[PDB]
Structures are given as C-alpha cells and as structure tokens.
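Quick heads-up: it's one chain on its own, the form deposited in one PDB entry, in structure tokens.
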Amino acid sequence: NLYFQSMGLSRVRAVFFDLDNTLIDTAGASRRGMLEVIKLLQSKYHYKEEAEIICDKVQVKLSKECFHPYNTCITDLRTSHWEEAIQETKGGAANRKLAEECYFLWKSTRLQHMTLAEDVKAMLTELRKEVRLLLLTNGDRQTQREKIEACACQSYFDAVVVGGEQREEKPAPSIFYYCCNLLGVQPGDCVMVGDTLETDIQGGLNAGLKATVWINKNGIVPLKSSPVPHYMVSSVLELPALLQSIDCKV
C-alpha cells in the first residue's frame, strides 16, 4: 500500500459483474419455463412428444433472435416465436392466444426462478464495503430490467447498465468506458467478472481493465482461438479472496 502508491499502482476500485448465469441461473430458470409449457401442452391440450418439438423450435428462434425496437416490442416478437413453433409443429391456423399462454407461462416461471443465493447476497454485501459494484448486462431493456427486478438485486449495486440501452454492448469497449465514467474511476482500476469469454472477458480485454475473471462453473475447455482471461474460478463466491490477491500483484 505504501509501496504500491510509491509505484503508481492502484488497489481495485470497482468490480463489474455479469448477470445471466453469473449471479442468477438463467439457463436453469428458462428450462423450468419450458418444462411448464410442456406440462401445460400435454395435460391441458393433450399434446404428446411434439410438445418438446415446439420448445426446441422456440429455443432455436430465441438464439437467432433479431430484435428491431422500431418495428415491434419484445413481447410481440417472442410471442411470435411460440406462434410459429406451434403452427410449424401442429399445423393449422396461427393460434396467437395459445402462443401467449405459452410465452407467459415460460416468462413467469423463469422470472420466479431467478434468485440471488443467500451466500451470493452475503458476498456482494461484503465486497461493497470495500469496492464499488456495477452490474453490466447484455440484452434488451425490458427483458433485462424485468430480470434485475425479479431477483431483487439492484439494491446490491452502485450502478446497473443494460447493453440494450447503450450504443454498443459487451464486448465493445465503449460500454466499459461508459461504466467507468458512471463510477468516476479508471479502466485500470476495474475488474470484470463473468461467465462468457466472447462478451465479458473479451470486453474487459478490449477496454484495458485491470483484470478479467472468467467463471467456469463446469470446468469446460473453450476453443483454440478464444480470448484468454486473467484468472479463472469455479464460483463467484471465490471473488473476494481473489481480489485480495489481485491487490497484492505489483
């Protein structure tokens, strides 16, 4: 500390966290959503295995989703995913009401199941005593804000930034610099923590953050040409210990 100052060398001042599958189980929650739609489609409307086909089709449509706010809102686009999947699978006339019934069961279920764990809450409270905390999350305004509210997590952060609201999102560095200015700190004083190499980690690298930490809960190996983070941990609960160590590097 005395030494570090002498060297022109900063303690960490802010930590940016990812949201989806870093602090909340979006995959798990979303899967729960699909499970309920299947349960609905089968028990209520007497669909057999083709109920799974519809859900698959929706996952596929979600993953190539192309959202134009000028043209539609997100609820309509997503309800259409379901509407198409249903017709694609069961044929007949477009059935919007059934589409809505699915979309909303899916949405409500997954939001019900997006939660900060008690131990994650406990941590985020500790860290904030010592550093600033900012949530930096990709995605459209409505969907992400709904998520932030569903897991009641905004109170844990000094700021919250949603990519769909900004001119570029992760891994464009502009969004990181925007974050730094919100907090009044420098990129060199900041650590990005998140679960996706091509957004969270690469973004961190693009913006020259002090450090990038990759959460790899399942110990997967990534592809050869992919961005290399500064550290890798299995759990966000390890961050406090790691940050202490980071503050010792010279």
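Take the two forms, superpose them, and find the largest set of C-alpha atoms that agree within 1.5 Å; that set is the rigid core. Note that residue numbering begins at 1 and tracks the sequence as displayed.
The protein also exists as the form deposited in another entry; that form is not presented, and the subsequent description refers to it.
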Notebook entry, point to check: Rigid core as reference, CA moved 2 Å or more between this form and the one not shown - which of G184, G208, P69, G28?
Noted result: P69
Check: How does the CA gap of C66 and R96 change in that other deposited form versus this form, closer or farther, if it moves 3 angstroms or more?
Finding: farther
Notebook entry, point to check: If the CA atoms of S80 and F67 move by 3 Å or more in that other deposited form, do they move toward each other or away, so closer or farther than here?
Noted result: farther
